[PDB]
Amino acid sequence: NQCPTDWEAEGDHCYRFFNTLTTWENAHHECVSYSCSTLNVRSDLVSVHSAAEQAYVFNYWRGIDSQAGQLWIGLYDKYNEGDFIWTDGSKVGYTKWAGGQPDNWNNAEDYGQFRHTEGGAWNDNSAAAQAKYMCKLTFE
């Protein structure tokens, strides 16, 4: 494959899991920092556009990490409450919200993440929460 070292190939993308508990905001900033303008490579929190991509991302994550917990993804509704969008600017199609989610619990949940159960069913969580994270390269 043609992925940078320490990134994994799948389809037209590269992915990299970071086994560090941090905030969504910091995970987002970390992923974006790998970007490279000279090749128009965007690095960003992972966006998910199919069941296949969901399964790949989840299976990659849980192949390395077996702790109970969550995995930040690039979905958020910070700018317009209830309207979830991807940080990489790609259009939302596929969704996999867990039962009862999203719920904007305590009016402070704007940041998307996989649960470790139900094949990575999604939850919205707060700016104070911690989770692991996953970056994705997009060749723009």
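We number the residues from 1 along the sequence you see.
| On average, are the C-alpha B-factors higher in 35 to 43 or in 58 to 66? | It is 58 to 66 that shows the higher mean C-alpha B-factor.
| field | Relative C-alpha B-factor of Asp88, binned into the chain's lowest, middle or highest third | value | It falls in the bottom third of the chain.
| task | Could you tell me which third, lowest, middle or highest, the C-alpha B-factor of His13 occupies within its chain? | result | Tercile = lowest for this residue's CA B-factor.
| task | Classify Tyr79 as lowest, middle or highest third according to the C-alpha B-factor given in the PDB entry, relative to its own chain. | result | Highest third, going by the recorded CA B-factors of the chain.
| task | Taking the values exactly as deposited, rank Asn26 by C-alpha B-factor within its chain and report the matching third: lowest, middle or highest. | result | For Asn26, the deposited C-alpha B-factor lands in the highest third.
| said: Among the modelled residues of this chain, does the Cα B factor of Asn1 put it in the lowest, middle or highest third? | reply: As the PDB entry reports it, the C-alpha B-factor of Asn1 lands in the highest third of its chain.
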